Amino acid sequence: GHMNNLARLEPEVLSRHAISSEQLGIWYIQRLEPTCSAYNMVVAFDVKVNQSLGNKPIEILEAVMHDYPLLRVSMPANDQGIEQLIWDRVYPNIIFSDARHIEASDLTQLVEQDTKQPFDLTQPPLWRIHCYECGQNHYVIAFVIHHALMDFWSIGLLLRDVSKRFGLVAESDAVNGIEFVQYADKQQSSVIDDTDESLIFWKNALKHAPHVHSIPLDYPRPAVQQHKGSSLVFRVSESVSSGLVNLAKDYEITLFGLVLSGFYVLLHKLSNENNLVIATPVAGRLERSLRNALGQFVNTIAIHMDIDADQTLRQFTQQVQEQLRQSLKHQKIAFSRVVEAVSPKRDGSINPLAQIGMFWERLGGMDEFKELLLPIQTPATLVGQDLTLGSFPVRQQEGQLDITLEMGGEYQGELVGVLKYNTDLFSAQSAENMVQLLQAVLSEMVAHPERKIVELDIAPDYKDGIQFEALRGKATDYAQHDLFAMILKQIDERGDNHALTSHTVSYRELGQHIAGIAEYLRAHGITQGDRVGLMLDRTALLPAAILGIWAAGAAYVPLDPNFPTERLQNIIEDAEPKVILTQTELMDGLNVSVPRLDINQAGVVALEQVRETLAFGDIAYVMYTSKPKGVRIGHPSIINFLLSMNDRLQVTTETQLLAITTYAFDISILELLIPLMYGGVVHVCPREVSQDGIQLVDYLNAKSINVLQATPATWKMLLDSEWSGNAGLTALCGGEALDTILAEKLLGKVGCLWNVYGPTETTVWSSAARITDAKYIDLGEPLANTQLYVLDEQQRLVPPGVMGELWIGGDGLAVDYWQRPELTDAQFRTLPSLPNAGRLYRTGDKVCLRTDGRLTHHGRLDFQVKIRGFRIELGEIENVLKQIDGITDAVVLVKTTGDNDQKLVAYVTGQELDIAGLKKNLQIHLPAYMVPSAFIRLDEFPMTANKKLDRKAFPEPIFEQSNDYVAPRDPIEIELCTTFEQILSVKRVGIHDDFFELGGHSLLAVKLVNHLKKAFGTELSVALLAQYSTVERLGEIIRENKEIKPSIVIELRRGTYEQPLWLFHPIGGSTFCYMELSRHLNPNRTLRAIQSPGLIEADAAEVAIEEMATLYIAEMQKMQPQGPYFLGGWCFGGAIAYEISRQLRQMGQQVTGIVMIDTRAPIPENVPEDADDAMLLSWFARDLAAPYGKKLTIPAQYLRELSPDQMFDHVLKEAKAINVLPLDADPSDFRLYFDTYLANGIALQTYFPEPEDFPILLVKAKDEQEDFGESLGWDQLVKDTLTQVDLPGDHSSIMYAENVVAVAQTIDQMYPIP
Ligand SMILES: CCCCCCCCCCCCCC(=O)OC[C@H](COP(=O)(O)OCC[N+](C)(C)C)OC(=O)CCCCCCCCCCCCC
Ligand SMILES: [K+]
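Sequence positions in the sequence shown follow the deposited numbering and run -1 to 500, 503 to 626, 631 to 1318.
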């Protein structure tokens, strides 16, 4: 409309060509994900014009389109592959918008969103021009060209030429816009045999490559790649930029080589992996003939480096330059051909073989355009008589890979780069971080050339000896406070108010018990520093026992009496306690050589009589943890902890806390004490109540609780017990990781949620996160006088975004491990690399220092998250499983198998589950590499005594080592199997064989899908095949569409001989029985088989053989109009063939011969006995299973006891139970098959042809028990022209693999073909 002067008159195709291998990969990706814009190349300009421009843009447009045939190309697909068509003319797609009213920021965004509109590569043109008016005579013009059509080198050729036509540059080399076709067509003649030296090179270079890199992501990887990306432009300082150039000269290497080396070093530091792959596009125009040619010539190569951290940067840089040099020798091999040869596991979440890229592009002979083509704004212009070009930067080609580094440009001394990153994996903050780290590697390279890759520290120099200021907790005097005095004050003040709920104990009464228990212990030998075993039931005496023991100056050792006796004995022996303080009932419980004291015998004593006596000792307790380790905790740590916790909890008089945690778990310390410090109430929860969800829901609703701390296990128990929630309740969750699912459930049930963390060695908790949103979970903020550090294996502070060991410093630290000084000395140290951080504790926990400043937990360095060369985030798998309806919990582990091989196992619990159903679900929701190899149902996940998941105690999995051959079960699976077989050249394909594992690859998938579209009458995508890639899975998808219309002809083999062999269905109406036969027939003979229409449309089965034959003959004459004909059938198929022959004579066609395999002649003697409906079903059930070598025996007598509907359900259910029908077959499906069966029966029952001679081969199953005569009765129909051959097998088994080979041979020897 801004462009009336064109008119659309309708185009014709000039010529048809092949696409190149360099085009195939891009093309494929665009079909695979049609909303993809990642390959939309965009060059854009500010354009200011003078009036003398006139009509030149349209005139020049028309001239260019005419001169360069490439610009008139489309790339449609057929079943023989992918083509390029040159159209005689294309209507240009030129969009023109008013942008006078739009702010600059917004205008950029507009143009970015406009140019990302996707192309359909099958419909021309494959390029667009987007125009925007910005003011009078002032425009922005953006040219968009899909990379499947041409590369950037081509852009420059085109840019320079069109600029000359416009009067902007003085001269331009001639451009060839027709050579791309010759190139592609010649390439189609070439072979590239599996024996090619270049192909072998790549096959070896990438054999040990990991499936995926192990760079920590900010988000979980989506199951199917969406090609969303973003871009971060950076600049290298002029200092370093110069250094790099000089450092390049100080080696053999190129500048490209140097920066690539820097990039590997970077990814090595970020992932701590030695095996890294980086993709690098090459220009691809080695022949001088191709320098001026438009087209897509760029080829990806994958460089897999094995990093040796011991190498110096000099040495390693040289190592890369050399592997680069060798690799460029073999660059002729297309990336798609390399992926075909290496044959990695196809996975829709990642680009195959490489997910990291580096492009280094500098065009030559484009000096005038240098600054215009940079990714930054520049005031430089190109001024012509009629117009003026200026910069206009546009984000473009985003989301090709996980990460792409783009370099090559320079401005005012500084190298200019663009880091492109996938925004479903990385945050903007992480991109910024990667750039800052690259900056660092490059700097450290020029400054210290000889430094070893391990010795190299990329980390920022941290200012006040910490990674983030958040990681240092508030400095306070809390550790110098007096816990006892605080509690005494509350006793003196709170008086007769409640303190403990078992009957209720007042604060005054509590003080009396403290005193009486302290005096009991003193009076019986307990002195300051002694260790006192504590073996109690959860009563109100429990808090009092703790404080009593403390007041006598002793430390307690928790001996929870519900724990197993062997465990308690091991503690007794290591701790060597002075006495065991227990209760009456338990005095004889353990046979131990240690004095016992009954706490009930302790008097009650007025506090005023023994307060002069009472004072805490140095050590508060020895808490045992998994050989037994006793962690000795001092009272300064405890009070530091408690006070720190109070800042967050603000405990008051109205506080009512439900204590549920065993006192043999240190976290119980918080539950049993902190309300007593402030005048509130401790509800000591009986153990039987806290292990029963319904009983705990009732205790909660009753006692008006407002603080509850518990491990996830307990919280899960509560939510799974229909708990109503409390909006005034403050919840604490600790001991194990908090998953997002539990978090959201909790957030809607409680008023405040803390995720809280810390090893026993740094006193209960050490960090704490106020969780407000389930999407944002971390270890949170450090407590008072606590410092968190994330270290590597050399104990240096890691860079942000990197994983390491969490070390903890400050006032929380334990005194030691009880009488284990060497262990104590190794786990509690000061470090030279942190000389001001004091004593620190080594947690053995794996933690990530986020770019955010947050810490996330991945914990326990000792566990192998490492699989086939990469690492897994097990919890992401666990989250997807928990989101299934039915599933209640899930745990995923890595286990070892056979050789040095690792596999994933998923354990699940729930009220109602389907295991195969799980596999299917995760496959569509997870990246392929995160889908478990085994699924095990459990009733109850094994717990520890602390109430944590006991991962060591899950039963070991027994992995399937192979997948069972299963034959296709209905017409849909028969058609897919034959199609898989035929297209892959695999003899026999089972419904669980994977297309790509069987040797299939991306081009084949395009061919396959285009065939399936024709065969079924519907639209399928390569996306559907990628994700449903077994016959079973794809068959379920196709089966869902009730509007599919299969042909009744299935082509089992396309041969090279003129005459096909036609095969006709037996009684059941299906072609299944000819598949195995077809595998052994001479492959040069076309074979076609005909199923009954009855199998696809209701009531469509013919009931008269005469009518059946006419119908089929018409179907035959569409593919083979004239004879001679060649016909055959197994069983009843033979009889159809006979009648078809009889009719072909009548119309003058000749019959070459008939193949009849154990066909009972159509004569009265051979008609089956009369059957009632039950018997017919019983027969049908049997004849359903026999083609698969299975007996299915449903006695007629059993069926007669049921209603007719029950009958059909019973047979359907049974047939499924032995896998001769699909599980998703419904009763109506079953009616089609039974009705077809009945129809053929009636047809048989009414067919009695007069004798007629045809040339016949009758193959008789010689082991068939049932007597039908020497010739199955054919001696009464055929006189002179019948040849008989007796072969092993019975009426069914003659067609099974073992016996059917001899049948094929007989057919081939009787009816030879040249
Ligand atoms: C993919 C390869 C294709 C190569 C084709 C060559 C480029 C041809 C430019 C096509 C743009 C034509 C669209 C167009 O008509 O734009 C309209 C504007 C304003 O026109 P309008 O306001 O309609 O003027 C009417 C004047 N009247 C009534 C008195 C006749 O007029 C303009 O804004 C014209 C701006 C021209 C910018 C030329 C820039 C040259 C470098 C291009 C290099 C790109 C190759 C990669
Ligand atoms: K620019």
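Beta carbons: idealized from backbone N, C-alpha and C, even for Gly.
Mind checking which residues open and close the beta strand (DSSP E) that includes residue i?
{"i": "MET1160", "result": "1155 to 1161"}
{"i": "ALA717", "result": "Note, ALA717: premise wrong, no beta strand (DSSP E); alpha helix (DSSP H) at 716 to 723."}
{"i": "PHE1020", "result": "Taken as a continuous stretch (DSSP letters only), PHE1020 belongs to no beta strand (DSSP E), being part of the alpha helix (DSSP H) at 1006 to 1020."}
{"i": "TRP1066", "result": "1065 to 1068"}
{"i": "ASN759", "result": "754 to 761"}
{"i": "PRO558", "result": "555 to 558"}
{"i": "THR499", "result": "496 to 499"}
{"i": "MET356", "result": "354 to 358"}
{"i": "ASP849", "result": "844 to 853"}
{"i": "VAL138", "result": "136 to 144"}
Pull the bridge partners of residue i from the DSSP assignment, please.
{"i": "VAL280", "result": "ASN297"}
{"i": "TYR1251", "result": "The partner list for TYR1251 (beta bridge, DSSP) is empty, contrary to what the question assumes."}
{"i": "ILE1260", "result": "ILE1158, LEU1286"}
{"i": "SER389", "result": "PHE43"}
What's the C-alpha gap between residue i and residue j?
{"i": "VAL851", "j": "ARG858", "result": "10 Å"}
{"i": "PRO1208", "j": "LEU1181", "result": "10 Å"}
{"i": "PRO825", "j": "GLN321", "result": "51 Å"}
{"i": "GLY511", "j": "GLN823", "result": "34 Å"}
{"i": "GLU1106", "j": "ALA1265", "result": "28 Å"}
{"i": "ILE153", "j": "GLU442", "result": "37 Å"}
{"i": "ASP192", "j": "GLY805", "result": "42 Å"}
{"i": "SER1082", "j": "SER325", "result": "45 Å"}
{"i": "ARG233", "j": "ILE456", "result": "18 Å"}
{"i": "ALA932", "j": "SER347", "result": "7 Å"}
{"i": "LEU1291", "j": "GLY1133", "result": "16 Å"}
{"i": "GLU566", "j": "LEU590", "result": "10 Å"}
{"i": "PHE164", "j": "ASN420", "result": "38 Å"}
{"i": "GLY1059", "j": "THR1090", "result": "4 Å"}
{"i": "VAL414", "j": "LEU68", "result": "32 Å"}
{"i": "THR386", "j": "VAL167", "result": "12 Å"}
{"i": "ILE698", "j": "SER725", "result": "6 Å"}
{"i": "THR834", "j": "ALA841", "result": "7 Å"}
{"i": "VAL622", "j": "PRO839", "result": "29 Å"}
{"i": "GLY548", "j": "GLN427", "result": "53 Å"}
{"i": "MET1160", "j": "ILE1311", "result": "10 Å"}
{"i": "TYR1251", "j": "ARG1164", "result": "12 Å"}
Nearest to residue i by CA position, among the options, is which residue?
{"i": "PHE333", "options": "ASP194, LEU647, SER19, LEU166", "result": "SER19"}
{"i": "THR913", "options": "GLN906, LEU922, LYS907, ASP968", "result": "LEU922"}
{"i": "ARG1235", "options": "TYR1202, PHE1184, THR1197", "result": "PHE1184"}
{"i": "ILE17", "options": "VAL88, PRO9, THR120, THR106", "result": "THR120"}
{"i": "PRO543", "options": "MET681, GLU453, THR421", "result": "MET681"}
{"i": "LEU586", "options": "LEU534, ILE305, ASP459, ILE619", "result": "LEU534"}
{"i": "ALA1108", "options": "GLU1080, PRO1050, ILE1071", "result": "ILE1071"}
{"i": "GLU692", "options": "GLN654, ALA663, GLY684", "result": "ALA663"}
{"i": "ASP560", "options": "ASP537, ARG846, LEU736", "result": "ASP537"}
Let's see if you can read the secondary structure: which residues bound the alpha helix (DSSP H) around residue i?
{"i": "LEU1276", "result": "Here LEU1276 belongs to no alpha helix (DSSP H), and DSSP marks it neither H nor E."}
{"i": "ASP905", "result": "Careful: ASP905 lies outside any alpha helix (DSSP H), inside the beta strand (DSSP E) at 905 to 914."}
{"i": "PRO975", "result": "975 to 988"}
{"i": "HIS861", "result": "From DSSP, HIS861 is part of no alpha helix (DSSP H) but of the beta strand (DSSP E) over 859 to 861."}
{"i": "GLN78", "result": "Per DSSP, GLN78 belongs to no alpha helix (DSSP H) and is neither H nor E."}
Measuring from each Cβ to the nearest heavy atom of ligand 2, keep the ones under 7 Å and list them in chain order.
-> Matched residues: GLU369, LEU370, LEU371, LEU372, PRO373, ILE374, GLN375, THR376, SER389, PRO391.
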